[PDB]
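Only one chain is shown below, in structure tokens, and it's the form deposited in one PDB entry.
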């Protein structure tokens, strides 16, 4: 098979690589890599290497990587550009795998582990590792087995062996209910003492050295703890065996680097790719959210769980590892990282960096053409102007239709042809509104321009535009393979109904393309065994297709971020500004064209149809469109939705397109790519008293949506942006209540809202304290801690933490609030024994029993309700011109 790397490191003048050879066997090798860099040379000198500006370069081959680095410094010292890939690992990968990498994940050892450390005197710090490791579950993807290491004897107690039969029994039977599917995959191993457990775990590790190492919070806890515990007991020399190259690097107060291993802590993968913001990141919490699986329940402190219920302690360790696996089975973040890493040809852990990922993608592409990348240069950090956001008039908006531009920034880069080497010059700029109103003179008759004054060549597609266009088109291809494989899968399922009783084999087809009628016919004749094998292949193809297209998507959307980063090799302030400024013109230009068009077709003058707009979208008030015809005319809700859908697709789109083409010519761009499609159609149920939607201000609105891009919903769905219902800092119960209030406003009306408001306010007191607690990240605690008392300008949540700290002092085993993590926050009635107006504790958890009852008895319900629920609800109704309080008479409906 095709060879591919697993990991790569640079240690001195040598590169250490673990890879899968032709035979599919994992190998290792140390190479004295001789890198090359480049420098400009006189024109007279013929060479095949040219930088992106078309200038000739001479190749400099070095004896070792050290010599190359030193050369760069001397060139910097002298003040001349030193071109080429300065990250030698990347250059090494590029030279060694000079082709599109085809990898086989079944050959990559992905390890998922978790440890337990009974610690009576507080949290067991990894840097100290002063307490024995009494449990370790390590799942290996090649073996598909859960290896469990259990310490039976420790200074904290001697226990009996763990029982798998009791582990299997359901909870209602006193068992731990360890998933039936993994029970037969557990390799249990008891140990008489800790030294023996560790020695065997370390041997196990050297035999099955992880390639990808994951788990929950393994980078900040499990890894450093295991490393230091082994170092303190057996010596540093033995601890370094955790690295397949026996090279580690301890980053002082403490992150441990194991060379030859790619660590992808799942907590980081989750934060990087889930596009959410959770109130807590404890595995239990994330687990409930993702899998709806209750919390691994156990009684008492964890520090006494092994001693009191060793059976449960061990099953707890096992299930913790399994949950992460379940999350990944659903999110596929590991496979996404592999797919992305191999596409760019970088160390897999580099997927966390758009800059590193795109630099490699562009490097490999340019190298194939024998071109030489520019030296990375330092730029002063300067913020540039961003997107345009219209100030909306706060109010209710009955009918609304929105339109979105397709991948705006990437599309702008391609249309205008923006790249460092395509800069052709500048033109005299007029105020932005002059280009928006087509008043200013045409910037150029020869170059492609942006309203910020920049001009670019049109004869050639630039480096960045070409690369982004490639990824753009590739996503189309893979998403297409995904869909075809999906459909092809249905055909095979349709056939599995009555499989022939034949002797045959799986048809050798390409599942990325819709089956022809010839293949469909043949499939109708296949046997059950053959068809099932085909369905398996069809699905594997679909999954791969999904992952590739998602990977392509992330790349497309992260390019702009990179281009706006001073550390990116292709960063250019003028180019970043050209992109965003052109984006502002595009949105406001089309806003004008849409208002002009709509006023014309509705036979009216100077009417403002575009009610809002942000970055790449506009929201059109369709009220007058509905009136021009008349509501009575519409049979039912679905009728007017159909009408507006047709009105958009047949009359507005063409006008928007004509509008953008004019703009493209005006700016003399390389090609038209400003495509704006109809997104949502919002409104209240025909007949009802609902208001449909509302805006309270910029980036804060709510809409009752019936159709999203041609997808007609069975039931209208609420699209809420910015409002407290969407914020992780809003208490759970309040998020839900505020959402029902909005639903009632948009779909049913004022009286419906008033009814619900009164009820929630009356039952408020009975809600679980955790459900009505606010949440907040806690940064710089120490900064405001003076003698355990709040200092000047101390934040409300920080004060709460200090209060909690003062009340748990002296209690060695009390849960500690951690710097940079999140906490629940509750206000306290004056006179409370805590000594302050509020208290905070670790989010995603119950507050410690030593003060729980007191907190529950001094919680200030009145302030809670007013601040988290009433204040924001008043803001919604004020903007919507509604009353959340029922009145006694008609005249009471007015502000007399």
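Only residues modelled in both forms are compared. Residue numbers count along the first chain shown, from 1. Think of the rigid core as the biggest set of C-alphas that the two forms share within 1.5 Å after superposition.
FYI, the form deposited in another entry isn't displayed, but the following is about it.
Q: Which one moved? Candidates are 443, 392, 545, 659, criterion is a Cα shift of 2 Å or more between the shown form and the other one after superposing on the core.
A: By this measure, the answer is 545.
Q: Do residue 405 and residue 479 have their C-alpha atoms closer or farther apart in the other entry than here, with the shift being 3 angstroms or more?
A: It is closer: in the other entry, the C-alpha atoms of residue 405 and residue 479 lie at least 3 Å nearer than they do here.
Q: Your call: residue 481 and residue 707 CA atoms, closer or farther in the other entry versus the shown structure, by 3 Å or more?
A: Here the pair is farther apart than in the other entry; there, closer.
Q: I need the moving stretches between the shown form and the other one: superpose on the rigid core, then report runs of 3+ consecutive residues where each CA shifts by 2 Å or more, in sequence order.
A: CA shift runs, sequence order: 251-253, 470-558, 886-890.
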